[PDB]
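First comes one chain, alone, set out as structure tokens in the form deposited in one PDB entry.
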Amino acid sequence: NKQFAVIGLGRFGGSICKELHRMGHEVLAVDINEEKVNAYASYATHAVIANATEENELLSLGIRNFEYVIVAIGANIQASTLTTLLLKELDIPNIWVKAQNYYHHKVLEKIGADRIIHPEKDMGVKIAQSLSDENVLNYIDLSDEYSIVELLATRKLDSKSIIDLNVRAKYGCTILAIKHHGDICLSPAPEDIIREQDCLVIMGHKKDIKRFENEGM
């Protein structure tokens, strides 16, 4: 019953479509280029060649049978803009659009895009964070000051316990998860040790985590 349409098969849009189909959902792959439709037809419940900037073709797809629509056109600003305008004028509930710059974001905001995504920009900032800090594998920001960070275990952390490396007192951070040799310990007891090259999931303020990385690692 729940229906997703993915217009603009690219890296972002193709990933969205393939992942939504893998999850067992109803997805329609839409693209103006025939080769992209041929490539993503195996990964969609239905795939059509449609110039989504044309109205008639959009109505022929039955764009109104879809609860969610994702305009993944991010390089052609005019195409994405007028596709989103068409979709909003056809009373589509949820419209998520890939953006290209701040001004494309402003245009999509003014025309009524329900969600605007900047994939390359967010990945750029995350990869820069992992770049300057070689210890960070991944993280998630709780706010402008707090976050949960996954770290690669260290020369200094090898064979040390959670009270030997106390963080709730020495840094104000909380030990959260340990990953060793494929196994994963959640909410670990104060007796658990950490070996080198393990995955340490910690949580707290960014500055305290950086201080732990500088002194405790």
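Shifts are known only where both forms have a C-alpha. All residue numbers are counted from 1 along the displayed sequence. If you superpose the two forms and keep the largest set of C-alpha atoms that fall within 1.5 Å, you have the rigid core.
> Would 156-164 or 43-51 have the larger average of its C-alpha temperature factors, as given in the entry?
Mean C-alpha B-factor is greater for 156-164.
> Quick one: higher average CA temperature factor, 6-14 or 195-203?
Higher mean C-alpha B-factor: 195-203.
> Select one of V27, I70, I184, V30: the residue whose C-alpha shows the highest B-factor in the crystal structure entry.
That would be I184, according to the entry.
> Of the three thirds of its chain by CA temperature factor, lowest, middle or highest, which one includes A189?
CA B-factor rank for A189: highest third.
> Pull the Cα B-factor of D141 out of the PDB entry and bin it into the chain's lowest, middle or highest third.
Bottom third by C-alpha B-factor.
> Looking at the C-alpha B-factor of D122, is it in the lowest, middle or highest third of its chain?
For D122, whose C-alpha B-factor we compare with every modelled residue in the chain, the answer is the lowest third.
> Please place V149 in the lowest, middle or highest third of its chain according to the CA B-factor in the PDB entry.
According to the entry, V149 has a C-alpha B-factor in the chain's lowest third.
There is another form of the same protein, the form deposited in another entry; it is not shown, and what comes next is about it.
> Have a look at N65, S60, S187, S42 and give me the residue whose C-alpha moves 2 Å or more between this form and the one not shown, with the fit done on the rigid core.
Flagged residue: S187.
> Would one find the Cα atoms of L142 and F12 closer or farther in the other entry than in this form, where their distance changes by 3 Å or more?
Relative to this form, farther apart in the other entry.
> Which bits shift between this form and the one not shown if the core is lined up, counting only runs of three or more residues where every C-alpha moves 2 Å or more?
Core-superposed, just one run shifting 2 Å or more comes out: 124-217.
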